[PDB]
Asker: 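Before we start, here is the structure in question, set down as structure tokens.
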Amino acid sequence: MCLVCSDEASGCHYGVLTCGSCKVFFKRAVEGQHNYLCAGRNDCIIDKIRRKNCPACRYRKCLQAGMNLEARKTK
Amino acid sequence: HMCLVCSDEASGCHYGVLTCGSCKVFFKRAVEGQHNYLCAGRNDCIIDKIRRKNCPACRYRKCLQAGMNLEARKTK
DNA sequence: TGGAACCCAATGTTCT
DNA sequence: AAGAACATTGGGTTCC
Ligand SMILES: [Zn+2]
Ligand SMILES: [Zn+2]
Ligand SMILES: [Zn+2]
Ligand SMILES: [Zn+2]
């Protein structure tokens with residue numbers, strides 16, 4: 001199960017086990033951008049169905065689960 | 001002259017309520033189609049120009065609450 | 001694993 | 001006003 005949206009947990013992307021959709025969301029969130037504002041209370045439910053609803057909260061728990069575009073762990 | 005649903009400036013009065021054009025076609029699509037949306041918050045999401053896209057469930061709710069309806073035509 | 005390339009759903013504007 | 005057509009966005013899977 002994906003540590004963010006708990007969809008089809010694929011295989012560690014950018015440090016964390018995630019679905020494919022969260023993988024791509026995160027690269028996009030970091031590289032491009034958009035300020036994402038939560039419309040609730042910064043604690044939205046992020047599941048398969050709702051991850052689309054709050055990119056702010058989804059992106060936040062990407063960061064908190066450890067996601068990073070650097071697998072430079074090679075050193 | 002602001003949309004009663006989302007606070008973006010209203011483009012006139014639609015389905016019975018002062019609204020912008022985004023909320024106008026949003027409400028029409030939701031009412032005529034399916035609107036089985038789920039709130040990822042507590043069914044009171046703030047709905048402004050940007051966040052209106054976040055939560056269709058709370059957006060539709062605010063539409064109904066402000067009184068929008070399709071037959072506001074022959075309802076006059 | 002990472003990412004280009006789709007495809008697609010859902011939204012917002014235009015309609016000399 | 002109401003709504004069809006079109007344009008775009010942002011997003012999820014598919015392919016290497
Ligand atoms: Zn996920
Ligand atoms: Zn949120
Ligand atoms: Zn509006
Ligand atoms: Zn909501």
Side-chain angles (χ1 to χ4, degrees), chain A residues 1-39 44-62 65-72, chain B residues 1-40 45-64 66-76:
Chain A
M1 197 180 50
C2 169
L3 282 32
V4 176
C5 90
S6 299
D7 190 12
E8 37 205 340
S10 277
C12 295
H13 304 92
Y14 309 126
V16 185
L17 162 41
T18 56
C19 71
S21 72
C22 303
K23 159 208 140 218
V24 312
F25 173 82
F26 178 74
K27 182 179 182 62
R28 285 157 180 184
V30 167
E31 277 178 338
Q33 107 261 152
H34 4 241
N35 263 294
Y36 287 134
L37 211 213
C38 186
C44 296
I45 290 172
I46 302 302
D47 56 29
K48 171 175 177 60
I49 313 84
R50 289 175 262 205
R51 54 163 202 235
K52 166 92 146 279
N53 288 32
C54 197
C57 283
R58 188 184 188 185
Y59 181 41
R60 165 184 61 74
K61 69 177 39 171
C62 276
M67 296 188 66
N68 190 296
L69 299 185
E70 304 304 297
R72 295 293 210 83
Chain B
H1 40 62
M2 302 201 325
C3 172
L4 264 43
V5 178
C6 83
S7 281
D8 202 10
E9 54 195 335
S11 84
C13 169
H14 319 285
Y15 306 118
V17 168
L18 218 72
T19 61
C20 61
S22 50
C23 287
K24 153 184 151 205
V25 64
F26 175 79
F27 177 73
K28 168 62 149 29
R29 298 194 157 123
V31 58
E32 271 174 7
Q34 298 151 224
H35 49 259
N36 177 25
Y37 303 127
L38 210 3
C39 186
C45 293
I46 306 159
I47 299 291
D48 48 44
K49 179 158 186 171
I50 308 79
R51 300 186 254 201
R52 68 183 188 207
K53 197 163 175 186
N54 290 194
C55 191
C58 282
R59 195 186 194 182
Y60 181 66
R61 169 176 60 59
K62 282 202 56 165
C63 282
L64 287 176
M68 304 186 70
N69 67 291
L70 249 35
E71 289 327 316
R73 298 232 83 190
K74 30 199 34 268
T75 264
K76 12 155 183 298

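Note: hydrogens, waters and symmetry copies are ignored here, and every other heavy atom, side chains too, is used. Reminder, nothing fancy here: chain letters follow the sequence lines and each chain counts from 1.
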Asker: Starting at atom CG of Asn68(A), determine the distance to atom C1' of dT1(C), rounded to an integer number of angstrom.
Answerer: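 Distance, rounded to whole Å: 15 Å.
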Asker: Would you kindly give the CZ-to-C1' distance between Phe27(B) and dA10(C), to the nearest whole Å?
Answerer: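 It is 18 Å, rounded to the nearest whole Å.
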Asker: With a cut-off of less than 4.0 Å, is there a side-chain N or O of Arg51(B) near OP1 or OP2 of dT11(C)?
Answerer: no
Asker: Using whole Å, what does the distance between atom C1' of nucleotide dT11(C) and atom OH of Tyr37(B) come to?
Answerer: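 Result: 10 Å.
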Asker: Distance under 4.0 Å to a non-hydrogen atom of chain B counts as contact; along DNA chain D, which nucleotides mark the start and end?
Answerer: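 So the outermost contacting nucleotides come out as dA1(D) to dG10(D).
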Asker: Between the side chain of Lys76(B) and the main-chain N/O of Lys74(B), is any donor-acceptor distance below 3.5 Å?
Answerer: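 Checked: pair present.
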Asker: If you look at every strand shown and take non-hydrogen atoms under 4.0 Å, does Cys20(B) touch a base, only sugar-phosphate, or nothing?
Answerer: nothing
Asker: May I have the step-by-step check of side-chain contact (heavy atoms from CB on, under 4.5 Å) for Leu70(B) and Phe27(B), ending in yes or no?
Answerer: CA-CA 9 Å; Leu70(B) 249 35; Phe27(B) 177 73; 3.7 Å; yes
Asker: Tell me what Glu8(A) touches on the nucleic acid: a base, only sugar-phosphate, or nothing, going by heavy atoms under 4.0 Å.
Answerer: sugar-phosphate
Asker: Measure distances between side-chain N and O atoms of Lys23(A) and base N and O atoms of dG3(C), and say whether any donor-acceptor pair falls under 3.5 Å.
Answerer: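 By the distance-only test, yes, there is a pair.
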Asker: Any strand is fair game: report the nucleotide pairing with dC16(D) by Watson-Crick or G-U wobble, both distances under 3.5 Å, or none.
Answerer: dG2(C)
Asker: If I take atom CE in residue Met67(A) and atom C1' in nucleotide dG2(C), what distance separates them, rounded to the nearest angstrom?
Answerer: 11 Å
Asker: Does any nucleotide pair with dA2(D) by Watson-Crick or G-U wobble geometry, both distances under 3.5 Å, and what is it?
Answerer: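 Partner of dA2(D): none.
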Asker: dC8(C) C1' sits how many Å from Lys52(A) NZ, rounded?
Answerer: 9 Å
Asker: In whole angstroms, how far is the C1' atom of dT11(C) from the CG atom of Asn54(B)?
Answerer: 13 Å
Asker: Look only at the side chain of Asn53(A) and the backbone of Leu38(B), and say whether a donor-acceptor pair between them is shorter than 3.5 Å.
Answerer: yes
Asker: Is the NZ or CZ atom of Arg52(B) positioned over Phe26(B)'s six-membered ring, under 6.0 angstrom from the centre and within 45° of the axis?
Answerer: no
Asker: Do any N or O atoms from the side chain of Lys23(A) and from the backbone of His13(A) form a donor-acceptor pair under 3.5 angstrom?
Answerer: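 No, the answer is negative, given that no donor and acceptor are paired below the 3.5 Å cut-off.
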Asker: Between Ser21(A) and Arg58(A), do the side chains contain an N or O donor and an N or O acceptor separated by less than 3.5 Å?
Answerer: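 There is such a pair (donor and acceptor under 3.5 Å, judged by atom type) between the side chains of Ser21(A) and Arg58(A).
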Asker: Taking the side chain of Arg29(B) as heavy atoms from C-beta outward, which of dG2(C), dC6(C), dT11(C) is closest to it?
Answerer: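 Selected nucleotide: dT11(C).
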Asker: Walk me through whether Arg72(A) and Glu70(A) qualify under salt bridge (charged side-chain N to carboxylate O under 4.0 Å, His left out).
Answerer: CA-CA 5 Å; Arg72(A) 295 293 210 83; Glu70(A) 304 304 297; 3.8 Å; yes
Asker: State whether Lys27(A) places a side-chain N or O below 4.0 Å from either non-bridging phosphate oxygen (OP1 or OP2) of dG2(C).
Answerer: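 So the side chain of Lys27(A) is outside the cut-off, no N or O lying under 4.0 Å from OP1 or OP2 of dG2(C).
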